[PDB]
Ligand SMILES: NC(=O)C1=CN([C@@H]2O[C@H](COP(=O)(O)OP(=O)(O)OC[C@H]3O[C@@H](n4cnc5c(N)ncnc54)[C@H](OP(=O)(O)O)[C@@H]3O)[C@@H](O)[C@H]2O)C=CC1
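In structure tokens, one chain follows: the form solved without the named molecule.
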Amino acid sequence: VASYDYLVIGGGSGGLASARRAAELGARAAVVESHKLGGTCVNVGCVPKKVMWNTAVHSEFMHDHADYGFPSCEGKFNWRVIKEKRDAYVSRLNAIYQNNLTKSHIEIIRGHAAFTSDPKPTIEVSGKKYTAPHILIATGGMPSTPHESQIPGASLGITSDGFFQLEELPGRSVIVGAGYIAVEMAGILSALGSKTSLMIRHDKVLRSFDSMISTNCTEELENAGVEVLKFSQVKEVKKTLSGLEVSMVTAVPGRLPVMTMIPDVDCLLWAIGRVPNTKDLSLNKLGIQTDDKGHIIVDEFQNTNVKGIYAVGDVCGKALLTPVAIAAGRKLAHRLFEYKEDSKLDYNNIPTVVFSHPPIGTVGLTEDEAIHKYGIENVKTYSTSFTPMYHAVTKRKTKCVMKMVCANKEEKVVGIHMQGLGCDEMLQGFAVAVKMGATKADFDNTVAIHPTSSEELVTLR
């Protein structure tokens, strides 16, 4: 049993970030990874997704070419040209992160980890045992798929992972789900030329965001050509002579349910959720607590119910974002190796950007969350809706919507929500401001930058 000061199971964002900060503090650490370093962020998530979003953005700009005085570009998008460049980029990143581990003197144990029945917390990787007084589980999650028991032929569809393996643009695609991944995938596929349908159980997408955003995002999708199939779900999928045939039930409230067949579908993408990766860890051997979904339960300091064992990242099921896994992982390293017992991540006011078209930026409470928390009498919102100056000379149009949620007499800014061109790079700074407890007065006392879309947030009345 080789002993270390820190043993990290999982080589994705949470695992790498924590192991590296620990090593900086003098800890002898090792990272166990059964696949590719970089985890979801580098391999099947953030990075490849963003490259595809930049490609989709090129598509929209090509539509505005003639309006801006240029000749019209012909069209024919070549998927494998970008797929190949994207894969290469991911390869460069895997090499970079491996190098980052070596320079910090972090040992990389390649294989699948699983706990043993040994009294003191110990894991086994390919017949060898390893132990440490501090062990971090940062194994992440997977895309969830329906069981063939409830949805016959469900296994004919692909998940976000499968999306990154596609070597050709699907001519006809149906995305199932109403969360951010679904919206993002539908947005890229449609912009790139696929006949796209987004199938959602209710009437709007991103229903957990502020209502102004769910409403506006749903409309922008339709304006951009995406067919949103409302109150609809898949009943069954089957393989026909050319493509898949999807049977769906549409049940609009106050109407009779109707069955519809969607034929000649090239790509069915399930974007319905994420399942934690814990089933094969043998958690039970140490009695480590998990909820009924398989998420490891942790306290505010990322401690599990077992001493010396912690968890961060997607495996815990809360705030499933790369920067959150990273910050929690680093705060933990400082707590254990710099003895700062007050070191932990504040899960409040975590900013998020959804790479839709236009992108969405959000931080803080939605209007409904502020109302519940402070009371209708104490919540004041400010909003604006305008057409960005970029579209002043174009036939194609998009809108920019912004909303500020203030609380109490001082009008403390407790939430900012927006969708529009440039919102992806606009959010970070306002998030710093909200994290500092800015009031509407602080925003108003900052001189605006003209001409930009961002100046609208400091000139709301």
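For every residue, the number given is its place in the sequence shown, counted from 1. Whichever C-alpha set is largest while still superposing within 1.5 Å between the two forms counts as the rigid core.
Student: Taking RMS over all structures and residues, which stretch has CA atoms farther from the shown form in 8 other deposited structures of this protein, 260-268 or 74-82, after a rigid core fit?
Tutor: The stretch that sits farther from the shown form in 8 other deposited structures of this protein is 74-82.
Student: Identify the stretch, either 25-33 or 59-67, whose C-alpha atoms have the larger mean B-factor according to the entry.
Tutor: Mean C-alpha B-factor is greater for 59-67.
Student: Per the PDB record, is the mean Cα temperature factor higher over 384-392 or over 109-117?
Tutor: The stretch with the larger average C-alpha B-factor is 109-117.
Student: Using only the C-alpha B-factors in the record, can you name which of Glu184, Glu220, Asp203, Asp280 has the highest?
Tutor: Largest recorded C-alpha B-factor: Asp280.
Student: Between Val237, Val363, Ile175, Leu332, which carries the biggest CA temperature factor in the record?
Tutor: Out of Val237, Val363, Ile175, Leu332, the record gives the largest C-alpha B-factor to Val237.
Student: When the deposited Cα B-factors of this chain's modelled residues are ordered and cut into thirds, is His357 in the lowest, the middle or the highest one?
Tutor: Its C-alpha B-factor belongs to the lowest third of this chain's values.
Student: Give the position of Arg92 by CA B-factor within its chain, expressed as the lowest, middle or highest third.
Tutor: Tercile = lowest for this residue's CA B-factor.
Student: Compare the C-alpha B factor of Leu198 with those of the other modelled residues in its chain, then answer lowest, middle or highest third.
Tutor: It falls in the bottom third of the chain.
Student: Lowest, middle or highest third: where is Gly153 by Cα B-factor in its chain?
Tutor: Highest third of the chain for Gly153's C-alpha B-factor.
Student: Select lowest, middle or highest to describe the third in which the CA B-factor of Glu84 falls within its chain in this entry.
Tutor: Middle third, going by the recorded CA B-factors of the chain.
Absent from the display: the form solved in complex with the named molecule. The rest refers to it.
Student: Where, among 196-204, 220-228, 291-299, 338-346, do residues come within 4.5 Å of the named molecule in the deposited complex by heavy atom distance?
Tutor: In short, 196-204.
Student: State yes only if every one of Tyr180, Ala319 and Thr362 has a non-hydrogen atom within 4.5 Å of the named molecule in the deposited complex; otherwise state no.
Tutor: Judged in the deposited complex, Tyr180, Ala319 and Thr362 all sit within 4.5 Å of the named molecule.
Student: How about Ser247: is it within 4.5 Å of the named molecule in the deposited complex, going by heavy atoms?
Tutor: Answer no; every heavy atom of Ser247 is more than 4.5 Å from the named molecule in the deposited complex.
Student: Can any non-hydrogen atom of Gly273 be found within 4.5 angstroms of the named molecule in the deposited complex?
Tutor: So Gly273 counts as contacting the named molecule.
Student: Would you please decide whether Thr352 lies within 4.5 angstroms of the named molecule in the deposited complex, comparing each non-hydrogen atom pair?
Tutor: So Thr352 counts as contacting the named molecule.
Student: Quick one: does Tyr310 come within 4.5 Å of the named molecule in the deposited complex, counting heavy atoms only?
Tutor: Result no; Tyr310 lies far from the named molecule in the deposited complex.
Student: I need to confirm a contact call. Of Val176, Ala333, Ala370, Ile135, which residue comes within 4.5 Å of the named molecule in the deposited complex, counting heavy atoms only?
Tutor: Exactly one listed residue reaches within 4.5 Å, namely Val176.
Student: Can you work out which of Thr260, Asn305, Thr102, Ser208 has a heavy atom no more than 4.5 Å from the named molecule in the deposited complex?
Tutor: When the named molecule is considered in the deposited complex, the option within 4.5 Å is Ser208.
Student: Pick out the residues of 412-450 whose heavy atoms come within 4.5 Å of the named molecule in the deposited complex.
Tutor: The stretch 412-450, when checked against the named molecule in the deposited complex, contributes no residue at the 4.5 Å heavy-atom cut-off.
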